[PDB]
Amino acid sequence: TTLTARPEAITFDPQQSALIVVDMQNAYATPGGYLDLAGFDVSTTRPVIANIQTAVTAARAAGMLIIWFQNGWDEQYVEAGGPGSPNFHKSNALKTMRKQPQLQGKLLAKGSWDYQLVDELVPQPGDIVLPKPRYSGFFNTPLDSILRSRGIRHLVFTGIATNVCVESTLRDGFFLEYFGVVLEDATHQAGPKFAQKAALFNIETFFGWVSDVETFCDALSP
């Protein structure tokens, strides 16, 4: 399958490629979630949810593995790492809960609403759901093993945030010799608009390839 993309078109076989839906949880996409309560602009994630639903439909019809990432930890946050982990000190979820103890135990907490995938995005049997503890899905998980067990070498990245979990999971895949393509209109950034543009810049320029849902679906139909 030949997929038009920046910096150039690339070839991938759907049946040895995976569509990764990164962290489409209430935390990252819904008003009133973690990222919202932490001050980020999530007021525009309605089209990203639809696009992901459109790309999840196409890839599944094409025989690509669907993988869902859910980022977060136990409601005690043992898994977030104690004061001895840089994660303890940089997670903005932990920052919000330490600032807002009412929220303590809820942001990114497994089993909770914040942690739930948004209502519109429902995994299907045979999909892989991966709980990851850190932004990159390639650290601390069976992700690499899941993908290699199936000879997957191409990854089609969606989700939130384009500069944080998406691009860490893409860069780290590049270093594990995965070819990564990012569907720009199926991602959203954490931070100002330039964070979106620079993640697609850094991905396009050094790590991988940028395409869109429309080009992605169209190329799958054969």
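Throughout, we count residues from 1 along the sequence that is shown.
Asks: For the stretches 8 to 16 and 205 to 213, which has the higher mean C-alpha B-factor as given in the deposited record?
Replies: Taking the mean B-factor of the alpha carbons in each, 8 to 16 is higher.
Asks: Take the C-alpha B-factors listed in the entry for 170 to 178 and for 30 to 38, compute each mean, and give the stretch with the larger one.
Replies: Taking the mean C-alpha B-factor of 170 to 178 and of 30 to 38, the larger value falls to 30 to 38.
Asks: Just the C-alpha B-factor column, please: which of 76, 85, 91, 145 has the biggest number?
Replies: Within the set 76, 85, 91, 145, 76 shows the top C-alpha B-factor.
Asks: Relative to the other modelled residues in the chain, which third contains the C-alpha temperature factor of residue 153: lowest, middle or highest?
Replies: Tercile = middle for this residue's CA B-factor.
Asks: When the deposited Cα B-factors of this chain's modelled residues are ordered and cut into thirds, is residue 103 in the lowest, the middle or the highest one?
Replies: For residue 103, the deposited C-alpha B-factor lands in the middle third.
Asks: For residue 188, return the chain-relative third of its C-alpha B-factor as stated in the PDB record: lowest, middle or highest.
Replies: Within its chain, residue 188 is a lowest-third residue by C-alpha B-factor, going by the deposited values.
Asks: C-alpha B factor of residue 64, ranked within the chain: lowest, middle or highest third?
Replies: For residue 64, whose C-alpha B-factor we compare with every modelled residue in the chain, the answer is the highest third.
Asks: Rank-wise, by C-alpha B-factor, drop residue 112 into the lowest, middle or highest third of its chain.
Replies: Top third by C-alpha B-factor.
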